[PDB]
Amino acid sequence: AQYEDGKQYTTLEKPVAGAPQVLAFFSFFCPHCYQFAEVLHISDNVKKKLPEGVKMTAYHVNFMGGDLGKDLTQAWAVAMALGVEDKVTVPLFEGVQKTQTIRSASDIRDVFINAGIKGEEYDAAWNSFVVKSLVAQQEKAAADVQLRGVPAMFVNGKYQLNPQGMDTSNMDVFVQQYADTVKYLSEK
């Protein structure tokens, strides 16, 4: 008795086959997503508690931020294909919401260059078929879970995290409950 349907998580009435084990949706434009990444470190605490062999996957979404938003979804596809997610997450969140220095496709690419990805490697990745495929895959996954806002996280294409049923008086306690719920669900 400590993780309950309708409280810490909910059950998709419309389950999704072939979904990533643990699938997070976020936007670099989203203040809640910045809170999750930069203050709560949700993703990192989830990974710390996941059983062995369960992976976490994170997709960017487009319904925030207009054309930069779409650029950032493709830039995230680049990050996924070059395996540099953890080098650009922080400079992108801060670039968008904290200093607001990211305001065109060009400023996104600079974040990557300053994180070590050579400009020309970024460009090839940007125009590649694999990145195009990953942009469409992020979009297909969001439609498939009928995504209406971010942040959000889904386990085995069946369960949705419900932070609204979680204690938020203590940030550390919130983060452990959330991470413990993901771990619990990954084992259902």
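Quick note: we count residues from 1 along the sequence shown, nothing fancier.
In this crystal structure, the stretch out of 57 to 65 and 143 to 151 whose C-alpha atoms carry the higher mean B factor is 57 to 65. Taking only CA atoms, the mean B-factor in the PDB entry is higher for 108 to 116 than for the other of 68 to 76 and 108 to 116. Highest CA B-factor among 173, 179, 12, 23, as stated in the entry: 12. By the numbers in the PDB entry, the CA B factor is greatest at 50 among 42, 130, 50, 161. The deposited CA B-factor of residue 124 belongs to the highest third of values across its chain. Sort the modelled residues of the chain by CA B factor and residue 87 lands in the middle third.
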